[PDB]
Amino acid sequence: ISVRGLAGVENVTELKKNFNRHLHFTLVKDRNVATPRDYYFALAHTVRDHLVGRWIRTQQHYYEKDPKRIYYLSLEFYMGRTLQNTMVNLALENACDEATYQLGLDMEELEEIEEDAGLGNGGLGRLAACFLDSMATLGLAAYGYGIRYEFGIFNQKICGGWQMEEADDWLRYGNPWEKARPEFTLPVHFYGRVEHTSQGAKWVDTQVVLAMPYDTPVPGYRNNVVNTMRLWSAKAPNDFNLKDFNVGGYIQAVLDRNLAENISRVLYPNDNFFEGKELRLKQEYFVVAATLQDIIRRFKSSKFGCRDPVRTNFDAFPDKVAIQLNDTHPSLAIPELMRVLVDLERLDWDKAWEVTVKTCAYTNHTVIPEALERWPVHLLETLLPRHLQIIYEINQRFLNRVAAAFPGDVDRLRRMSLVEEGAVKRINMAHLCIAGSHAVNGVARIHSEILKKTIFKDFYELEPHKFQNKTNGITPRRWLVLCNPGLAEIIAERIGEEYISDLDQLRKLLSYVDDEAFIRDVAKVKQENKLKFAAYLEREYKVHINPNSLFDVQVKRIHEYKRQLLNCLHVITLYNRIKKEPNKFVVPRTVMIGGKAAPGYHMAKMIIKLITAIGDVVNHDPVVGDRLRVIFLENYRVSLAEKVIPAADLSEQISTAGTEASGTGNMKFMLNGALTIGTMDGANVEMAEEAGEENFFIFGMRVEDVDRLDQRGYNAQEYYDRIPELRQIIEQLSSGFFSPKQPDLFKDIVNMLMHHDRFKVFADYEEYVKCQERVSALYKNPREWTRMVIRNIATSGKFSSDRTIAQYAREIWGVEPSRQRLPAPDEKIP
């Protein structure tokens, strides 16, 4: 059937009876009233059973051996569905497929019932999920820590061409994967005041919120290692949240508990954009305060909570603990760790600071200013008074370091300060992170260099040893084996299976680049994928596409810097050319654009309306026929990504040079047989470098060109004046060609494009359509297109998250990865 494992005799029988046990005893249903949703749950519980045994021994193992522990703090974890992934990592897929078949059910149909765990916005959250899978596969004693939002990223609905947001109640029917651990609830403080008494400061008169943990298992790939993802939930105490007496109402006091519990209610739907709301700051401190207590508790036991030197010496803390900060969201971990060490454990400042810097490491993910976290001091002042005092003291000492290294450089001092003066004073969280961590890294080579050269230049000059780079990666398990079993099978047929946890081995495929059978197969699976997606489209969304055309797709969050607008201009150009010479042959294309816009991002929402507006015109023009279709992919998410990517021919990674820190969707497309048209931005550079620029469609300005233009001054009128095809489009938009009933509907887009385009869309227009012509040329030659594809796939190995994690491990965390199978799952009950 494929290498989804063995469908053993004993195990298919065992699976079936357990499927029936759960349907009866767990779901309390009988075959006669059971629905697909019930069947899905019986299977999920049956699969979950197989990894609890491993989960328990893994955790027990780490307790016995006591290795260095990795803590990955992130406010986002974009997990997606987890049934199939679990089957894959446990080699259960074929057995489950068989068993459910014998039970008379379609596993694929059941898999579609599982709700996505959308606890993230985009790249940053998905990176975290890929990292977890890799850390488990490389046998690292690693823990993912976050917030268990009951409402994840909103579900997007397109009404009359506009985006409609609706609550994502992913827990509505339950989550069979998590395991509530109410017994490990912890208290978290807010507000209050600071009392300076005799021997130390005291954080007093605080409001308490309880943090209840929920553990989700993270299975490694076929090595019997099951790590833990601990997500916190906010709960109100039953005392003060009722006990602070003297009139108000007993009922009202019970109803008001949903005020402290609102902390983990909803994820903030902003991607690369900072909103300074108090609720967000609360979520940030919440995950940090609870997580650290758990970290120190585990440390206090270790082998110190037995003997060792005997005396809670936190000198070994950094040798046993490593906490990674995913962006600046969990930045309060630094001042929080100091508060606990200084205020509670009573270490001296300096010893405490040495410990903190040595255990903390920060990852930066963007250079755009509007994404930078600068919290107003009046907020920190009220909500976390002691942390503010600690931050001012960290700043004081740091700045003294600076003054001593750069005597007289008074502007450097203000530029480096953690405190920003002006309208309102703010705290620059990124500066905090750099000062309190022993390593700061970028997510792609160019981005990392940009940090050193630009944004964090002064910091780099002060401590050059802190700055590193760790190019992002993706997991070949979910992003290849899981979503594209067909491609994975034909690869395995030639080079075996060891590449799933050693993607570098994909290079061996280079020697099949002239192989006639392989070229035929690679081209076959991509055609099978396109057919399946074309079907799904009419199945769930309804209104036909042509599977023979080139599948041109751009799926990612809607942003001005990602330039879906630049993609829009090209689509309109194709349309206009066709209308000019109808009877001329052009390569057919189905251009699919999908992505979510943050609720408050007016421009982003205006862009989604434009895309659908273009499709209304293009898709109903009889002269165009089936040569051009413009489709907006609704509710783009992980599970949807797993469907489109394997069906794509062309991947659009056209951000303005120097704005996309890395990107990861780009890597997903590369490993799945799509060719890339893009700019020399983020990881695009390393991908072209790995595959050879001849096998990549690169165009537009490089970072240096962008800066030159800025010195000069960017003027969009010039481009408007010198390109008639461009001029024709802008005037079509301006006159209502795309919005008849509302002729001025797109005035904001045009106005912006002409007068305040921060991302110079026009500057790359000519080179973009010229370059698009070259891919259409190559697509006309099936054999050569597929051969270039094989050059990409065969060369994508460097982009596996296993490689990324192995580097973080050795260069930042100080631990050694290991592909050693944990001693089986075998029963045991001590």
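All residue numbers refer to positions in the sequence shown, first residue = 1.
As the entry records it, the average C-alpha temperature factor is higher for 415-423, out of 382-390 and 415-423. If you average the C-alpha B-factors over 191-199 and over 368-376, the higher value belongs to 191-199. Residues shown: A597, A657, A404, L242. Highest C-alpha temperature factor in the entry: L242. Listed residues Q564, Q396, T137, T328 were ranked by CA B-factor as deposited; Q396 comes out on top.
In this PDB entry, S776 carries a Cα temperature factor that places it within the middle third of its chain's modelled residues.
The entry lists a Cα temperature factor for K530 that places it in the middle third of the chain's modelled residues. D764: CA B factor in the lowest third of modelled residues in this chain (values from the PDB entry).
Annotation for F273: C-alpha temperature factor in the middle third relative to the rest of the modelled chain, per the entry. In this PDB entry, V815 carries a Cα temperature factor that places it within the middle third of its chain's modelled residues.
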